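The data below hold one chain only, encoded as structure tokens and taken in the form deposited in one PDB entry.
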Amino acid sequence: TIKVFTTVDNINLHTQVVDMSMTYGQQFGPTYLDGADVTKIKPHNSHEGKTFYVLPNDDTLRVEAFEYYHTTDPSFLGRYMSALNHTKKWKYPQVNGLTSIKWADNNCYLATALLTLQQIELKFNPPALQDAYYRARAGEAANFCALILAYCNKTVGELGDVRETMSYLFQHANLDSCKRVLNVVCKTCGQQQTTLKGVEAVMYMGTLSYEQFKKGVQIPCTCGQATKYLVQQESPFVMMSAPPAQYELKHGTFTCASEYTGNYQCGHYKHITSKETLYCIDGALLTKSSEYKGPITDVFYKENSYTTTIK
């Protein structure tokens, strides 16, 4: 026999004694070690004392699991552990003061999201995401990336869209204080004003330019081509997206941006960030230039409180 700790959150640990002739699956249920599925594996001697993740099998663990992850999905733990099994093997080099990811397993979109998250103000609601976020900012991002995959219901190797990943992540973050007031001007119908809250207040699809959004954009009306423009914005940042197209990025006019090259779904992302000059982060690779023209699909801008001056 050996003694071990079981857990669902790696915080509340539960002391357990195992029989060395019985696989973990028969004694605990699905059991994992550092992401590795050890369900159908018998206890070893090097396994003495180590802490194992277990799928919740009593009410105490179910409550602990929800409090840490904010999900009751019985598949979440296994998807998380399956991702972690790869992400713990990726490299996370510091590039220009930011934790990036060396290229592997189609992770370019994850590197771009990871880099963006280090440059905008965000509070995640699940303790598991917040804790991993902090550790990620300090260079240890394997767990954060695994969690991103599990929360986005994506698997290692799958082809990911950065805008969609950020949107999923935003939905697990505290964006309640975020507010966007819009005004639509139709010649026949008139003037209608809507207010958005949460994730919808910080994201727009249609143009990369925050200025253009403030000046107004052409959207078809219910009557059938009105104009929508930003009336008031209340958020620490905004994300502007558009299908990839050549675009000029000017130093000091944006926080950071997603560059996307190639075919729909199987292309490659790079990350552009505005520091004292423009830096391009391609996984572990870093280039700099005073101007930038290229195929851009997301642009992030800082914000606090904006009210329009249109009467």
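Counting begins at 1, following the sequence as shown. The term rigid core refers to the maximal set of C-alpha atoms that superpose within 1.5 Å between the two forms.
Here the subject shifts to the form deposited in another entry, a form of this protein not shown in this document.
No residue in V38, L278, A242, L55 other than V38 shows a CA shift of 2 angstroms or more between the shown form and the other one after fitting the rigid core. Annotation: Cα of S21 displaced by at least 2 Å between the shown form and the other one, core superposition. Relative to the superposed core, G190 shifts its CA atom by 2 Å or more between the shown form and the other one.
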